[PDB]
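Printed here is my_file-v5.txt (compact mmCIF, N, CA and C atoms and all ligand atoms):
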```
# COMPACT_ATOMS: atom_id res chain seq x y z
N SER A 1 312.29 150.51 206.15
CA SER A 1 312.01 151.10 207.50
C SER A 1 311.08 150.16 208.29
N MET A 2 311.51 149.73 209.47
CA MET A 2 310.76 148.78 210.35
C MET A 2 309.79 149.56 211.24
N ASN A 3 309.93 150.88 211.33
CA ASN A 3 308.86 151.73 211.90
C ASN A 3 307.86 152.04 210.79
N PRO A 4 306.56 152.17 211.13
CA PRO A 4 305.58 152.63 210.15
C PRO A 4 305.86 154.10 209.86
N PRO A 5 305.29 154.65 208.77
CA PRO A 5 305.26 156.10 208.59
C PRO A 5 304.60 156.73 209.81
N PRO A 6 305.10 157.89 210.30
CA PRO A 6 304.49 158.54 211.46
C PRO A 6 303.08 159.02 211.10
N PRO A 7 302.21 159.31 212.09
CA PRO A 7 300.88 159.83 211.80
C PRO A 7 301.01 161.17 211.06
N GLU A 8 300.21 161.36 210.00
CA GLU A 8 300.32 162.56 209.13
C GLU A 8 300.08 163.82 209.98
N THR A 9 300.74 164.92 209.63
CA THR A 9 300.56 166.23 210.32
C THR A 9 300.11 167.29 209.31
N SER A 10 299.96 166.91 208.05
CA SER A 10 299.53 167.80 206.95
C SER A 10 298.85 166.96 205.87
N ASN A 11 297.68 167.40 205.44
CA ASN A 11 296.89 166.69 204.41
C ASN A 11 296.04 167.73 203.70
N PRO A 12 296.31 168.05 202.42
CA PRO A 12 295.55 169.08 201.71
C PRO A 12 294.05 168.78 201.63
N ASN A 13 293.68 167.51 201.76
CA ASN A 13 292.29 167.03 201.57
C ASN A 13 291.50 167.14 202.87
N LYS A 14 292.15 167.41 204.01
CA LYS A 14 291.48 167.46 205.33
C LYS A 14 291.23 168.91 205.74
N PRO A 15 289.96 169.35 205.84
CA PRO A 15 289.67 170.72 206.24
C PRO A 15 290.18 171.02 207.65
N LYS A 16 290.45 172.29 207.91
CA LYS A 16 291.12 172.71 209.16
C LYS A 16 290.58 174.06 209.61
N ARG A 17 290.75 174.32 210.91
CA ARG A 17 290.29 175.54 211.60
C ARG A 17 291.31 175.93 212.66
N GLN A 18 291.29 177.21 213.01
CA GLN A 18 291.83 177.75 214.27
C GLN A 18 290.65 178.19 215.13
N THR A 19 290.55 177.64 216.33
CA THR A 19 289.55 178.02 217.35
C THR A 19 290.30 178.38 218.63
N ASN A 20 289.64 179.11 219.52
CA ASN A 20 290.18 179.43 220.87
C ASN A 20 290.57 178.13 221.58
N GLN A 21 289.74 177.09 221.47
CA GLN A 21 289.99 175.82 222.19
C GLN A 21 291.26 175.18 221.64
N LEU A 22 291.46 175.18 220.31
CA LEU A 22 292.70 174.61 219.72
C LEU A 22 293.92 175.45 220.14
N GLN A 23 293.82 176.77 220.17
CA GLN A 23 294.95 177.63 220.61
C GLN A 23 295.29 177.32 222.07
N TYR A 24 294.28 177.10 222.92
CA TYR A 24 294.47 176.69 224.34
C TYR A 24 295.18 175.33 224.42
N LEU A 25 294.76 174.39 223.58
CA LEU A 25 295.40 173.05 223.53
C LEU A 25 296.89 173.18 223.18
N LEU A 26 297.26 174.13 222.33
CA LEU A 26 298.69 174.36 221.98
C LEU A 26 299.40 175.13 223.10
N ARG A 27 298.90 176.31 223.46
CA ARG A 27 299.63 177.29 224.31
C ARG A 27 299.63 176.88 225.78
N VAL A 28 298.65 176.09 226.23
CA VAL A 28 298.50 175.75 227.67
C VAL A 28 298.64 174.23 227.85
N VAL A 29 297.83 173.42 227.16
CA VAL A 29 297.78 171.95 227.44
C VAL A 29 299.07 171.29 226.95
N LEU A 30 299.34 171.32 225.65
CA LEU A 30 300.57 170.72 225.07
C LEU A 30 301.79 171.37 225.72
N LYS A 31 301.79 172.70 225.82
CA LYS A 31 302.94 173.47 226.37
C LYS A 31 303.30 172.93 227.76
N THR A 32 302.30 172.73 228.62
CA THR A 32 302.48 172.24 230.01
C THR A 32 303.08 170.83 230.00
N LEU A 33 302.48 169.92 229.22
CA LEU A 33 302.92 168.50 229.21
C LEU A 33 304.32 168.41 228.59
N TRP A 34 304.57 169.20 227.55
CA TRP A 34 305.84 169.16 226.78
C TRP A 34 307.03 169.47 227.69
N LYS A 35 306.81 170.34 228.68
CA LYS A 35 307.88 170.88 229.56
C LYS A 35 307.97 170.08 230.86
N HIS A 36 307.07 169.11 231.07
CA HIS A 36 307.12 168.19 232.24
C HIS A 36 308.41 167.35 232.19
N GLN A 37 308.96 167.02 233.36
CA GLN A 37 310.19 166.20 233.47
C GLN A 37 310.01 164.87 232.72
N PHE A 38 308.80 164.31 232.69
CA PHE A 38 308.52 162.98 232.08
C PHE A 38 308.06 163.10 230.63
N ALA A 39 308.16 164.27 229.99
CA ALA A 39 307.63 164.49 228.62
C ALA A 39 308.36 163.62 227.59
N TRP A 40 309.65 163.34 227.79
CA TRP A 40 310.56 163.01 226.67
C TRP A 40 310.24 161.66 226.02
N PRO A 41 309.80 160.58 226.72
CA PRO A 41 309.41 159.36 226.02
C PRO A 41 308.15 159.55 225.14
N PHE A 42 307.44 160.66 225.30
CA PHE A 42 306.16 160.96 224.61
C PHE A 42 306.35 162.06 223.56
N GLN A 43 307.57 162.55 223.34
CA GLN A 43 307.84 163.75 222.50
C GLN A 43 308.03 163.35 221.03
N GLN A 44 308.07 162.05 220.75
CA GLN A 44 308.25 161.55 219.37
C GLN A 44 307.60 160.17 219.27
N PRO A 45 307.28 159.72 218.04
CA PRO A 45 306.72 158.38 217.86
C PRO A 45 307.60 157.32 218.52
N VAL A 46 306.96 156.28 219.04
CA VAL A 46 307.69 155.10 219.57
C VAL A 46 308.58 154.58 218.44
N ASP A 47 309.89 154.56 218.67
CA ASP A 47 310.87 154.02 217.69
C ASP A 47 311.12 152.55 218.03
N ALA A 48 310.35 151.65 217.42
CA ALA A 48 310.36 150.19 217.69
C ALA A 48 311.73 149.59 217.34
N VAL A 49 312.43 150.18 216.37
CA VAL A 49 313.79 149.74 215.96
C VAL A 49 314.76 150.05 217.10
N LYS A 50 314.88 151.34 217.46
CA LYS A 50 315.83 151.80 218.50
C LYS A 50 315.56 151.07 219.81
N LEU A 51 314.29 150.89 220.19
CA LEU A 51 313.90 150.33 221.51
C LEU A 51 313.86 148.80 221.46
N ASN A 52 314.08 148.18 220.29
CA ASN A 52 314.05 146.71 220.13
C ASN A 52 312.69 146.17 220.62
N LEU A 53 311.60 146.70 220.07
CA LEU A 53 310.21 146.26 220.37
C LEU A 53 309.54 145.83 219.07
N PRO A 54 309.93 144.67 218.49
CA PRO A 54 309.42 144.24 217.18
C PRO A 54 307.90 143.95 217.17
N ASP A 55 307.29 143.81 218.34
CA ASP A 55 305.84 143.52 218.44
C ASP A 55 305.04 144.82 218.60
N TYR A 56 305.68 145.97 218.86
CA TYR A 56 304.94 147.21 219.23
C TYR A 56 303.89 147.53 218.16
N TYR A 57 304.31 147.54 216.89
CA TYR A 57 303.46 147.95 215.74
C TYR A 57 302.73 146.74 215.14
N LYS A 58 302.82 145.57 215.80
CA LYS A 58 301.90 144.42 215.60
C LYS A 58 300.71 144.56 216.54
N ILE A 59 300.86 145.30 217.65
CA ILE A 59 299.84 145.40 218.73
C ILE A 59 299.11 146.75 218.63
N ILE A 60 299.86 147.85 218.57
CA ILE A 60 299.31 149.24 218.61
C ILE A 60 298.96 149.65 217.18
N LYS A 61 297.66 149.77 216.90
CA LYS A 61 297.07 150.05 215.57
C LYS A 61 297.07 151.55 215.29
N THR A 62 296.90 152.38 216.33
CA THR A 62 296.71 153.84 216.20
C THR A 62 297.75 154.54 217.07
N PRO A 63 299.03 154.51 216.65
CA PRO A 63 300.11 155.14 217.40
C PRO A 63 299.88 156.65 217.48
N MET A 64 300.31 157.26 218.59
CA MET A 64 300.19 158.72 218.76
C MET A 64 301.17 159.16 219.84
N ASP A 65 301.69 160.37 219.66
CA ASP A 65 302.76 160.94 220.51
C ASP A 65 302.59 162.46 220.52
N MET A 66 303.20 163.14 221.48
CA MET A 66 303.05 164.61 221.62
C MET A 66 303.81 165.33 220.51
N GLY A 67 304.85 164.72 219.91
CA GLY A 67 305.57 165.32 218.77
C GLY A 67 304.61 165.52 217.61
N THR A 68 303.83 164.48 217.32
CA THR A 68 302.78 164.48 216.29
C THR A 68 301.72 165.53 216.65
N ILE A 69 301.27 165.56 217.90
CA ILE A 69 300.17 166.47 218.33
C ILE A 69 300.66 167.91 218.20
N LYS A 70 301.89 168.18 218.64
CA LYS A 70 302.49 169.53 218.56
C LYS A 70 302.49 170.00 217.09
N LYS A 71 302.93 169.14 216.18
CA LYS A 71 302.99 169.47 214.73
C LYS A 71 301.57 169.62 214.18
N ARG A 72 300.62 168.78 214.59
CA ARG A 72 299.21 168.91 214.11
C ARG A 72 298.65 170.27 214.55
N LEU A 73 298.96 170.70 215.78
CA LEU A 73 298.48 172.01 216.30
C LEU A 73 299.16 173.15 215.54
N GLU A 74 300.49 173.12 215.47
CA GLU A 74 301.29 174.20 214.83
C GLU A 74 300.92 174.30 213.34
N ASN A 75 300.71 173.16 212.67
CA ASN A 75 300.47 173.07 211.20
C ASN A 75 298.97 173.25 210.88
N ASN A 76 298.11 173.47 211.87
CA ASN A 76 296.64 173.65 211.65
C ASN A 76 296.08 172.42 210.92
N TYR A 77 296.32 171.24 211.47
CA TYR A 77 295.84 169.95 210.92
C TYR A 77 294.40 169.70 211.36
N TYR A 78 294.05 170.16 212.57
CA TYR A 78 292.76 169.80 213.20
C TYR A 78 291.64 170.71 212.71
N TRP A 79 290.42 170.17 212.70
CA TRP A 79 289.15 170.94 212.59
C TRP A 79 288.69 171.35 213.98
N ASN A 80 288.74 170.46 214.97
CA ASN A 80 288.18 170.81 216.30
C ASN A 80 289.05 170.27 217.44
N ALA A 81 288.78 170.78 218.64
CA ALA A 81 289.51 170.44 219.88
C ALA A 81 289.36 168.95 220.18
N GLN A 82 288.19 168.36 219.93
CA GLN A 82 287.94 166.94 220.28
C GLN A 82 288.91 166.03 219.50
N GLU A 83 289.25 166.36 218.25
CA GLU A 83 290.24 165.56 217.47
C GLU A 83 291.58 165.53 218.22
N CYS A 84 292.00 166.68 218.73
CA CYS A 84 293.29 166.83 219.45
C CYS A 84 293.23 166.09 220.79
N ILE A 85 292.15 166.28 221.54
CA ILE A 85 291.92 165.58 222.84
C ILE A 85 291.96 164.06 222.59
N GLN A 86 291.33 163.58 221.52
CA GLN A 86 291.31 162.13 221.17
C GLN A 86 292.75 161.65 220.97
N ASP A 87 293.59 162.47 220.33
CA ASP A 87 295.01 162.10 220.07
C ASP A 87 295.75 161.92 221.40
N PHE A 88 295.61 162.85 222.34
CA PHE A 88 296.19 162.70 223.70
C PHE A 88 295.67 161.40 224.34
N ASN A 89 294.36 161.18 224.31
CA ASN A 89 293.70 160.02 224.96
C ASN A 89 294.27 158.73 224.37
N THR A 90 294.43 158.68 223.05
CA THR A 90 295.01 157.53 222.32
C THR A 90 296.45 157.30 222.78
N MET A 91 297.26 158.36 222.86
CA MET A 91 298.67 158.24 223.32
C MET A 91 298.69 157.58 224.70
N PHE A 92 297.83 158.02 225.62
CA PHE A 92 297.82 157.46 227.00
C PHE A 92 297.36 156.00 226.96
N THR A 93 296.22 155.70 226.33
CA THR A 93 295.64 154.33 226.26
C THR A 93 296.63 153.35 225.63
N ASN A 94 297.30 153.78 224.55
CA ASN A 94 298.33 152.92 223.89
C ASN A 94 299.38 152.49 224.92
N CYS A 95 299.85 153.44 225.72
CA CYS A 95 300.86 153.20 226.78
C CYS A 95 300.33 152.14 227.75
N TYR A 96 299.06 152.26 228.16
CA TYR A 96 298.48 151.36 229.18
C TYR A 96 298.17 149.99 228.58
N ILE A 97 297.93 149.92 227.27
CA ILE A 97 297.71 148.64 226.55
C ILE A 97 299.03 147.88 226.42
N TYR A 98 300.09 148.56 225.99
CA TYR A 98 301.32 147.86 225.56
C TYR A 98 302.17 147.46 226.78
N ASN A 99 302.25 148.32 227.80
CA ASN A 99 303.19 148.15 228.93
C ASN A 99 302.50 147.48 230.12
N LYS A 100 303.27 146.88 231.02
CA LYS A 100 302.73 146.25 232.25
C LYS A 100 302.32 147.34 233.23
N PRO A 101 301.26 147.11 234.02
CA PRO A 101 300.71 148.15 234.90
C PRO A 101 301.72 148.72 235.91
N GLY A 102 302.76 147.97 236.30
CA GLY A 102 303.78 148.40 237.27
C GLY A 102 304.99 149.08 236.64
N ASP A 103 305.01 149.24 235.31
CA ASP A 103 306.22 149.70 234.57
C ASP A 103 306.43 151.19 234.80
N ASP A 104 307.68 151.64 234.84
CA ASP A 104 308.05 153.07 235.00
C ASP A 104 307.34 153.91 233.93
N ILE A 105 307.24 153.43 232.69
CA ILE A 105 306.65 154.27 231.60
C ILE A 105 305.18 154.55 231.93
N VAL A 106 304.50 153.60 232.58
CA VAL A 106 303.06 153.75 232.92
C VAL A 106 302.93 154.82 234.01
N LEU A 107 303.83 154.82 234.99
CA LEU A 107 303.90 155.85 236.06
C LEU A 107 304.15 157.23 235.42
N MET A 108 305.02 157.29 234.42
CA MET A 108 305.30 158.57 233.71
C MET A 108 304.03 159.04 233.00
N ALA A 109 303.36 158.14 232.27
CA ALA A 109 302.12 158.43 231.52
C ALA A 109 301.04 158.92 232.48
N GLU A 110 300.89 158.26 233.62
CA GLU A 110 299.87 158.60 234.64
C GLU A 110 300.08 160.04 235.13
N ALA A 111 301.33 160.43 235.40
CA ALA A 111 301.68 161.79 235.87
C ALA A 111 301.28 162.80 234.79
N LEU A 112 301.61 162.53 233.52
CA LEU A 112 301.26 163.43 232.39
C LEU A 112 299.74 163.51 232.25
N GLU A 113 299.05 162.38 232.38
CA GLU A 113 297.59 162.33 232.15
C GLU A 113 296.87 163.14 233.23
N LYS A 114 297.32 163.07 234.48
CA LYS A 114 296.72 163.84 235.60
C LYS A 114 296.80 165.34 235.27
N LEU A 115 297.97 165.82 234.83
CA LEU A 115 298.15 167.24 234.41
C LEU A 115 297.23 167.54 233.23
N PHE A 116 297.20 166.65 232.23
CA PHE A 116 296.35 166.76 231.02
C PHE A 116 294.89 166.94 231.44
N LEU A 117 294.36 166.03 232.27
CA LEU A 117 292.92 165.99 232.64
C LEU A 117 292.53 167.30 233.34
N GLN A 118 293.42 167.84 234.16
CA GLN A 118 293.22 169.11 234.91
C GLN A 118 293.15 170.29 233.92
N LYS A 119 293.97 170.27 232.86
CA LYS A 119 293.99 171.35 231.83
C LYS A 119 292.77 171.23 230.92
N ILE A 120 292.30 170.01 230.63
CA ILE A 120 291.09 169.79 229.79
C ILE A 120 289.84 170.21 230.57
N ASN A 121 289.79 169.90 231.87
CA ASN A 121 288.75 170.37 232.83
C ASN A 121 288.57 171.89 232.67
N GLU A 122 289.68 172.60 232.42
CA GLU A 122 289.73 174.08 232.32
C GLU A 122 289.66 174.56 230.87
N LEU A 123 289.26 173.69 229.92
CA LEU A 123 289.05 174.11 228.52
C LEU A 123 288.14 175.34 228.51
N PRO A 124 288.50 176.41 227.76
CA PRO A 124 287.67 177.62 227.71
C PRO A 124 286.36 177.35 226.96
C1 LIG A 201 312.96 155.62 230.24
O1 LIG A 201 313.60 155.12 229.09
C2 LIG A 201 312.89 154.05 228.46
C3 LIG A 201 313.62 153.64 227.17
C4 LIG A 201 313.21 152.27 226.67
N1 LIG A 201 313.45 154.69 226.17
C5 LIG A 201 314.49 155.46 225.69
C6 LIG A 201 315.93 155.29 226.03
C7 LIG A 201 316.74 156.51 225.63
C8 LIG A 201 318.20 156.27 225.88
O2 LIG A 201 318.65 155.18 225.10
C9 LIG A 201 318.02 154.00 225.55
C10 LIG A 201 316.52 154.06 225.32
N2 LIG A 201 314.07 156.33 224.81
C11 LIG A 201 312.70 156.13 224.73
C12 LIG A 201 311.80 156.81 223.94
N3 LIG A 201 310.50 156.55 223.93
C13 LIG A 201 310.04 155.55 224.74
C14 LIG A 201 308.66 155.23 224.72
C15 LIG A 201 308.14 154.23 225.49
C16 LIG A 201 306.73 153.92 225.35
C17 LIG A 201 305.60 154.75 225.46
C18 LIG A 201 305.57 156.05 225.75
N4 LIG A 201 304.47 154.07 225.24
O3 LIG A 201 304.87 152.77 224.98
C19 LIG A 201 306.23 152.70 225.04
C20 LIG A 201 306.80 151.37 224.77
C21 LIG A 201 308.98 153.51 226.32
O4 LIG A 201 308.37 152.54 227.07
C22 LIG A 201 309.18 151.60 227.76
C23 LIG A 201 310.33 153.78 226.36
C24 LIG A 201 310.88 154.78 225.58
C25 LIG A 201 312.28 155.11 225.56
```

Have the structure of the file written as structure tokens, please.
Ligand SMILES: COC[C@@H](C)n1c(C2CCOCC2)nc2cnc3cc(-c4c(C)noc4C)c(OC)cc3c21
Amino acid sequence: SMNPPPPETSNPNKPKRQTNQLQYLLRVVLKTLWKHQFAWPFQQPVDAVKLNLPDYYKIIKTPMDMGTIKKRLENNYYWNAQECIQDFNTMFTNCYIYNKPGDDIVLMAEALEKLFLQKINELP
């Protein structure tokens, strides 16, 4: 496999919690971004094989996508909201590191991030 293993969504050794903030991140934040017209390039790990990007996983050390975040939320992987927020932030920063500033994917990421930042502003 020329893709790395995806980021883990279950680990018996990692303690976990359900908090109001994590339920909000699932039911409101992820739910909103997931249903956005531009969600789909972010709904699964970057497939470097399918997309013919042999340098992607030479450059991006900490890959992250909303498919992974959705499973981490549903599977109770997280201890706190900040871990989940960091995963979103990483997904956006990775996009801005790898792609050119004028690229369509960066415009898609920017639209999702604006919605994200507004929902995080409203964290309970
Ligand atoms: C708009 O389509 C772009 C096209 C290349 N693409 C398709 C088509 C589907 C139909 O078959 C042809 C390929 N699927 C995907 C799925 N994920 C993608 C993720 C990124 C991406 C992110 C996010 N961060 O870095 C990168 C890099 C991406 O960036 C150019 C393109 C993706 C992508």

**Message:** At a cut-off of 7 Å and counting all atoms listed in the file, what residues surround ligand LIG 201 (chain A)? Please answer as a PyMOL selection string.
**Reply:** chain A and resi 40-47+50-51+91+94-96+98-99+104-106

**Request:** Compile the contact shell of residue 26 (chain A) as number ranges by chain: residues with an atom at most 9 Å away, counting only C-alpha atoms, same-chain residues fewer than 2 positions apart removed.
**Result:** A: 21-24, 28-31, 69-70, 73-74

**Prompt:** So how many Å separate CA of residue 75 (chain A) and atom C of residue 8 (chain A), to one decimal?
**Reply:**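 We find that CA of residue 75 (chain A) and atom C of residue 8 (chain A) lie 9.3 Å from each other.
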
**Request:** Would you list, as a ChimeraX atom specification, the residues of chain A that end up in helix (DSSP H, G or I) under DSSP run on this structure's backbone?
**Result:** /A:20-34,40-42,56-59,66-74,81-98,104-121

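Among the candidate residues A:89, A:82, A:11, A:18, the one lying nearest to residue 65 (chain A) is A:89, with distances computed using only C-alpha atoms.
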
Box centre and edge lengths (Å, one decimal), axis-aligned, region 80-87 of chain A plus 6 Å each side, as lines of an AutoDock Vina configuration file:
```
center_x = 291.8
center_y = 166.2
center_z = 218.9
size_x = 19.8
size_y = 21.2
size_z = 19.9
```

**Message:** What's the separation between CA of residue 124 (chain A) and CA of residue 25 (chain A), in Å to one decimal place?
**Reply:** 9.9 Å

**Request:** Find the residues with any atom within 8 Å of (293.1, 168.2, 228.4); use all atoms listed in the file and the coordinates as given in the file, and write the answer as a VMD selection string.
**Result:** chain A and resid 25 29 to 30 84 to 85 88 113 115 to 123

**Request:** Rounded to one decimal place, report the CA of residue 15 (chain A)-atom N of residue 57 (chain A) distance in Å.
**Result:**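 Interatomic distance here is 29.4 Å.
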
**Asked** Looking at only N, CA and C atoms, which of A:102, A:78, A:52, A:90 is the one that sits closest to residue 64 (chain A)?
**Response**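 Among the listed residues, A:90 lies closest to residue 64 (chain A).
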
**Prompt:** Using all atoms listed in the file, which of A:111, A:4, A:20, A:93 sits nearest residue 48 (chain A)?
**Reply:**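 Nearest candidate to residue 48 (chain A) out of A:111, A:4, A:20, A:93: A:4.
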
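When all atoms listed in the file are used to compute distances to residue 7 (chain A), the closest of the residues A:63, A:108, A:100, A:81 turns out to be A:63.
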
Missing atoms in region 71-93 of chain A: can you complete it with N, CA, C and O atoms, as a PDB file, in the coordinates of the input?
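Writing done, so here's out_28.pdb:
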```
ATOM      1  N   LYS A  71     302.930 169.140 216.180  1.00  0.00           N
ATOM      2  CA  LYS A  71     302.990 169.470 214.730  1.00  0.00           C
ATOM      3  C   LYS A  71     301.570 169.620 214.180  1.00  0.00           C
ATOM      4  O   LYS A  71     301.377 170.505 213.352  1.00  0.00           O
ATOM      5  N   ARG A  72     300.620 168.780 214.590  1.00  0.00           N
ATOM      6  CA  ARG A  72     299.210 168.910 214.110  1.00  0.00           C
ATOM      7  C   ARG A  72     298.650 170.270 214.550  1.00  0.00           C
ATOM      8  O   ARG A  72     297.960 170.915 213.744  1.00  0.00           O
ATOM      9  N   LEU A  73     298.960 170.700 215.780  1.00  0.00           N
ATOM     10  CA  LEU A  73     298.480 172.010 216.300  1.00  0.00           C
ATOM     11  C   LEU A  73     299.160 173.150 215.540  1.00  0.00           C
ATOM     12  O   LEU A  73     298.454 174.030 215.023  1.00  0.00           O
ATOM     13  N   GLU A  74     300.490 173.120 215.470  1.00  0.00           N
ATOM     14  CA  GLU A  74     301.290 174.200 214.830  1.00  0.00           C
ATOM     15  C   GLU A  74     300.920 174.300 213.340  1.00  0.00           C
ATOM     16  O   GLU A  74     300.878 175.441 212.841  1.00  0.00           O
ATOM     17  N   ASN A  75     300.710 173.160 212.670  1.00  0.00           N
ATOM     18  CA  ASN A  75     300.470 173.070 211.200  1.00  0.00           C
ATOM     19  C   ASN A  75     298.970 173.250 210.880  1.00  0.00           C
ATOM     20  O   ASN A  75     298.631 173.128 209.694  1.00  0.00           O
ATOM     21  N   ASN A  76     298.110 173.470 211.870  1.00  0.00           N
ATOM     22  CA  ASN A  76     296.640 173.650 211.650  1.00  0.00           C
ATOM     23  C   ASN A  76     296.080 172.420 210.920  1.00  0.00           C
ATOM     24  O   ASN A  76     295.450 172.569 209.874  1.00  0.00           O
ATOM     25  N   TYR A  77     296.320 171.240 211.470  1.00  0.00           N
ATOM     26  CA  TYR A  77     295.840 169.950 210.920  1.00  0.00           C
ATOM     27  C   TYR A  77     294.400 169.700 211.360  1.00  0.00           C
ATOM     28  O   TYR A  77     293.625 169.057 210.628  1.00  0.00           O
ATOM     29  N   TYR A  78     294.050 170.160 212.570  1.00  0.00           N
ATOM     30  CA  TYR A  78     292.760 169.800 213.200  1.00  0.00           C
ATOM     31  C   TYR A  78     291.640 170.710 212.710  1.00  0.00           C
ATOM     32  O   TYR A  78     291.872 171.898 212.414  1.00  0.00           O
ATOM     33  N   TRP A  79     290.420 170.170 212.700  1.00  0.00           N
ATOM     34  CA  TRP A  79     289.150 170.940 212.590  1.00  0.00           C
ATOM     35  C   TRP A  79     288.690 171.350 213.980  1.00  0.00           C
ATOM     36  O   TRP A  79     288.258 172.491 214.133  1.00  0.00           O
ATOM     37  N   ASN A  80     288.740 170.460 214.970  1.00  0.00           N
ATOM     38  CA  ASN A  80     288.180 170.810 216.300  1.00  0.00           C
ATOM     39  C   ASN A  80     289.050 170.270 217.440  1.00  0.00           C
ATOM     40  O   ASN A  80     289.952 169.433 217.192  1.00  0.00           O
ATOM     41  N   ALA A  81     288.780 170.780 218.640  1.00  0.00           N
ATOM     42  CA  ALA A  81     289.510 170.440 219.880  1.00  0.00           C
ATOM     43  C   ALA A  81     289.360 168.950 220.180  1.00  0.00           C
ATOM     44  O   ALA A  81     290.332 168.342 220.651  1.00  0.00           O
ATOM     45  N   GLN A  82     288.190 168.360 219.930  1.00  0.00           N
ATOM     46  CA  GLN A  82     287.940 166.940 220.280  1.00  0.00           C
ATOM     47  C   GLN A  82     288.910 166.030 219.500  1.00  0.00           C
ATOM     48  O   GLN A  82     289.375 165.040 220.086  1.00  0.00           O
ATOM     49  N   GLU A  83     289.250 166.360 218.250  1.00  0.00           N
ATOM     50  CA  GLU A  83     290.240 165.560 217.470  1.00  0.00           C
ATOM     51  C   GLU A  83     291.580 165.530 218.220  1.00  0.00           C
ATOM     52  O   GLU A  83     292.211 164.475 218.306  1.00  0.00           O
ATOM     53  N   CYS A  84     292.000 166.680 218.730  1.00  0.00           N
ATOM     54  CA  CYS A  84     293.290 166.830 219.450  1.00  0.00           C
ATOM     55  C   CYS A  84     293.230 166.090 220.790  1.00  0.00           C
ATOM     56  O   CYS A  84     294.186 165.327 221.112  1.00  0.00           O
ATOM     57  N   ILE A  85     292.150 166.280 221.540  1.00  0.00           N
ATOM     58  CA  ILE A  85     291.920 165.580 222.840  1.00  0.00           C
ATOM     59  C   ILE A  85     291.960 164.060 222.590  1.00  0.00           C
ATOM     60  O   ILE A  85     292.597 163.336 223.388  1.00  0.00           O
ATOM     61  N   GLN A  86     291.330 163.580 221.520  1.00  0.00           N
ATOM     62  CA  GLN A  86     291.310 162.130 221.170  1.00  0.00           C
ATOM     63  C   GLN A  86     292.750 161.650 220.970  1.00  0.00           C
ATOM     64  O   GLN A  86     293.069 160.531 221.397  1.00  0.00           O
ATOM     65  N   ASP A  87     293.590 162.470 220.330  1.00  0.00           N
ATOM     66  CA  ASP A  87     295.010 162.100 220.070  1.00  0.00           C
ATOM     67  C   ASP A  87     295.750 161.920 221.400  1.00  0.00           C
ATOM     68  O   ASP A  87     296.458 160.908 221.581  1.00  0.00           O
ATOM     69  N   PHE A  88     295.610 162.850 222.340  1.00  0.00           N
ATOM     70  CA  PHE A  88     296.190 162.700 223.700  1.00  0.00           C
ATOM     71  C   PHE A  88     295.670 161.400 224.340  1.00  0.00           C
ATOM     72  O   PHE A  88     296.483 160.624 224.867  1.00  0.00           O
ATOM     73  N   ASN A  89     294.360 161.180 224.310  1.00  0.00           N
ATOM     74  CA  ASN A  89     293.700 160.020 224.960  1.00  0.00           C
ATOM     75  C   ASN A  89     294.270 158.730 224.370  1.00  0.00           C
ATOM     76  O   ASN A  89     294.611 157.807 225.144  1.00  0.00           O
ATOM     77  N   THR A  90     294.430 158.680 223.050  1.00  0.00           N
ATOM     78  CA  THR A  90     295.010 157.530 222.320  1.00  0.00           C
ATOM     79  C   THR A  90     296.450 157.300 222.780  1.00  0.00           C
ATOM     80  O   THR A  90     296.804 156.143 223.055  1.00  0.00           O
ATOM     81  N   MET A  91     297.260 158.360 222.860  1.00  0.00           N
ATOM     82  CA  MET A  91     298.670 158.240 223.320  1.00  0.00           C
ATOM     83  C   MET A  91     298.690 157.580 224.700  1.00  0.00           C
ATOM     84  O   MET A  91     299.476 156.641 224.923  1.00  0.00           O
ATOM     85  N   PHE A  92     297.830 158.020 225.620  1.00  0.00           N
ATOM     86  CA  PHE A  92     297.820 157.460 227.000  1.00  0.00           C
ATOM     87  C   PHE A  92     297.360 156.000 226.960  1.00  0.00           C
ATOM     88  O   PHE A  92     298.055 155.139 227.534  1.00  0.00           O
ATOM     89  N   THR A  93     296.220 155.700 226.330  1.00  0.00           N
ATOM     90  CA  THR A  93     295.640 154.330 226.260  1.00  0.00           C
ATOM     91  C   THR A  93     296.630 153.350 225.630  1.00  0.00           C
ATOM     92  O   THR A  93     296.764 152.238 226.123  1.00  0.00           O
TER      93      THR A  93
END
```
